[PDB]
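One chain follows as structure tokens, the form solved without adenosine-5'-diphosphate.
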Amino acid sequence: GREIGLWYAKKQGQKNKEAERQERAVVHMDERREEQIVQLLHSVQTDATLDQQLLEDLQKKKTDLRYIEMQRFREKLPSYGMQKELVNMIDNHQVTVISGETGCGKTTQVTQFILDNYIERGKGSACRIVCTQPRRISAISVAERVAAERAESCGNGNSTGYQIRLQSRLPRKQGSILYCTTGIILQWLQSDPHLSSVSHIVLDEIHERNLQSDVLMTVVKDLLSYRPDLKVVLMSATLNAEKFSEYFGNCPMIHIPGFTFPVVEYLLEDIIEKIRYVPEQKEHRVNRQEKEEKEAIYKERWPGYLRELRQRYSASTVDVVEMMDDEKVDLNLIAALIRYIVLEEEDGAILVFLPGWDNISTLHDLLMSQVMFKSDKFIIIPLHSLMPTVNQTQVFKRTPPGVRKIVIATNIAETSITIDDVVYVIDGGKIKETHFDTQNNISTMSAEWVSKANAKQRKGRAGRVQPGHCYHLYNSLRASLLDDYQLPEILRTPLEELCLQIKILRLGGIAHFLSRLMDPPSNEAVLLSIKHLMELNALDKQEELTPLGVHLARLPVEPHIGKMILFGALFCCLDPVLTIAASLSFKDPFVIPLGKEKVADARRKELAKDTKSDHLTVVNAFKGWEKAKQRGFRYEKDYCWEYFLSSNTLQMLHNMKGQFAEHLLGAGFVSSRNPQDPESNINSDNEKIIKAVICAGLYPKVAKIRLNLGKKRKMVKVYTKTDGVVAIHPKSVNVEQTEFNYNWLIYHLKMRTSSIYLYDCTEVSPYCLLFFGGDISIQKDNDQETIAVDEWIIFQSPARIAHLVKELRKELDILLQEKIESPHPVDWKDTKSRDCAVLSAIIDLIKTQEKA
């Protein structure tokens, strides 16, 4: 049996081991370079008026026609009725929590209330309000809205403005309101730990528990003792908002009623009864913690619910409800519901919430496989971040009464995009969210049930301009068993960047600060992050910042990308390394449409050329886009269209590169703020040096390619040390690649969706891993001499060459430590650049190919 399997598995294993031992790469250098290396080693080794002005300005503006119209509009908001109570509550208490529903307008009214109250009281110069938003577009839009409501332009020294990354319309210093993302305040804390200039701090959308919001809340709570005059206003979504008050010592709470049109809720049984749905899928027919305790409850009440359901509904409805499955979204039911709505429901747009791209594509194909949806009376817009959302401006445009608009979207339409026309919302109760597994140090993505807050937000997405309907694709039991809120990001993401930020802000011990957070992370995650930072030489054995750790913490990227940036500056390949770092920190510039998917992969592979790297193809795309932009705006548009590239993402990457170069110039690694200065880009034309720098940055993420060849279409397998067998994601340019120069891949993103996937892999060379990898050991295996990196990356090499490489690495680490502790551009004149020069020479003109 299982033992019979062994009698052939043991034979199979030996073959794989022998094949791995056969093709093992040979590290060999010519006689001239060996003599040069030994010679080099031997040589080296031996005011009062401002208040009056503001008050008079307000009094004069009170007579403006535009201001009068804006006031008439503002009076309709529910917050206008509670203006006085809000002002008194904020004035009399240090910390207040404001709970409001959708449409209450608290975001654009509370700050105006405080500012106006201070201005009319004759102390307008003491008002400096900062309101933090979770999104850049949200902050920009709110700032423009507040500026419009005040009959003024945003920024330009006026009373309101915004500041986000690489963009700021700053208002006047005193008597102003600033709308910024949450990271801006954390950056301010680096130079101003007390926020002395800030008089009022307003934290928005605290119910969305992201990293920055929680960190800022903890920092403000700690800082309140040192700033008795600071006033904090927390604004939430009136569901589990008492917990925020509890965190701040039972601070006073105030509720602002919402203003929305009524929305009718339909559940799965109601939908099936109403549309008389009959499923044809019958013919065509590893856990966590509380999940498994909610499912126990679902299965104990299922028999009793089906019964209670049999009384309220017909037999067919109960049969369909019972036979429906979980872990999937019934797209046929969604299509039937859409057909029902477009046949005998009133006019209005339909918004469909789906968990992923594949479901959106399947629903789109299902919809236009029918005759009625292929006419000009229907417009179907898929919404997803990877689609050309910048091109998707047709979602906002209204439609004539004879044509209906159907929007199939992910949760991007929950917050980022507002259609303001939707009448019917079809909520598939599945949402894809990312969890971190600290046991295996692997990120996991799966489609989980939507939370109660998510369902409420989706329902409120309808009924903004007229009464609407919401269809939830889950029964009553599932609805009653939903989670109140999604797990906060403190419990789903790695904490290395957070640990570095904690250290750079002098907030105390990492564990001590993290334990004071709302729903603090587990001790295992903290220990893993601290150990990871220690192994990167970013923290000493006493949990303090190393000289490299300071530079990593001051860079707006996670530590591995920061190390890659520093090494690219050191080795004079600044431009491609900065482009790769910007792409890895924020998105790849590639967008795909709904239908033309394989064409996008073909164009990406055409861009990749023979680099066999998912990061050098981004460099090629950026270079081509820059050339097209130089040659013309129209040609830039054609290039972006033909190669399926996002112009906005490319511009943002360019700005991020400029910011990185500015920081590098400030620190002292480079002599200019231009990433394309020739003095810092002498090795930028050599792909081997760029790959070596990539390996130096994100080293420990290595993978081994085993070319078993044989007759299984000469297919390749990918292995990882900590994990087991992994696969290359189809989005990569190496998924179908079978002619690899070297059997080693370096990657950045690795996630487990259904199988462990590598989303961006770059082919790497033996010397890149030798000089920029783990510990080097020299030993003998059977009948050949080997040199190993981390005792699992083995290369063939004679003992003399291996000892030379080990000594060279021992010297290079010291050289890099001195170059990092005291940054300075490297002068390439035979003083101490000899080690770097010979390493560059070895990487450039030694490695040729494998032996397979």
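So that there is no doubt, residue numbering starts at 1 and follows the sequence shown.
Engineer: Please report whether at least a third of the other compared entries leave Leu223 without coordinates.
Structural biologist: Across the other compared entries, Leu223 is absent from none.
Engineer: Please report whether at least a third of the other compared entries leave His532 without coordinates.
Structural biologist: no, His532 modelled in all other entries.
Engineer: So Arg285 and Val286 are neighbours in the shown sequence, but is anything from the deposited sequence left out between them? Give the count as none, 1 to 3, 4 to 9, or 10 or more.
Structural biologist: Gap size class: 10 or more residues without coordinates, per the record.
Engineer: Please count the deposited residues lying between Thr46 and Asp47 that the model leaves without coordinates, and give the class: none, 1 to 3, 4 to 9, or 10 or more.
Structural biologist: Gap size class: 10 or more residues without coordinates, per the record.
As for the form solved in complex with adenosine-5'-diphosphate, it is not shown, yet the points below apply to it.
Engineer: Pick from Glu269, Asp116, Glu597, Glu149: which has a non-hydrogen atom within 4.5 Å of adenosine-5'-diphosphate in the deposited complex?
Structural biologist: None of the others qualify; the residue that does is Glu149.
Engineer: Of these, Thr617, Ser647, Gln501, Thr107, which has a heavy atom no more than 4.5 Å from adenosine-5'-diphosphate in the deposited complex?
Structural biologist: The residue from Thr617, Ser647, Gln501, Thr107 that makes the contact is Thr107.
Engineer: Okay, which stretch from 558-566, 438-446, 354-362, 141-149 lines adenosine-5'-diphosphate in the deposited complex, with non-hydrogen atoms inside 4.5 Å?
Structural biologist: Heavy-atom contact with the partner occurs in 141-149.
Engineer: In the deposited complex, is there a heavy atom of adenosine-5'-diphosphate that lies within 4.5 Å of any heavy atom of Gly103, even though the partner is absent here?
Structural biologist: Yes, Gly103 lies within 4.5 Å of adenosine-5'-diphosphate in the deposited complex.
Engineer: May I ask you to check whether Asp420 falls inside a 4.5 Å heavy atom distance of adenosine-5'-diphosphate in the deposited complex?
Structural biologist: Yes, contact at 4.5 Å.
Engineer: Closest heavy atom of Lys731 to adenosine-5'-diphosphate in the deposited complex, within 4.5 Å or not?
Structural biologist: Answer no; every heavy atom of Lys731 is more than 4.5 Å from adenosine-5'-diphosphate in the deposited complex.
Engineer: Decide whether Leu77 counts as a contact residue for adenosine-5'-diphosphate in the deposited complex under a heavy atom distance cut-off of 4.5 Å.
Structural biologist: Contact with adenosine-5'-diphosphate, yes.
Engineer: For a quick check, can you give me the residues of 402-417 that have a heavy atom within 4.5 Å of adenosine-5'-diphosphate in the deposited complex?
Structural biologist: Only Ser416 sits within 4.5 Å of the partner.
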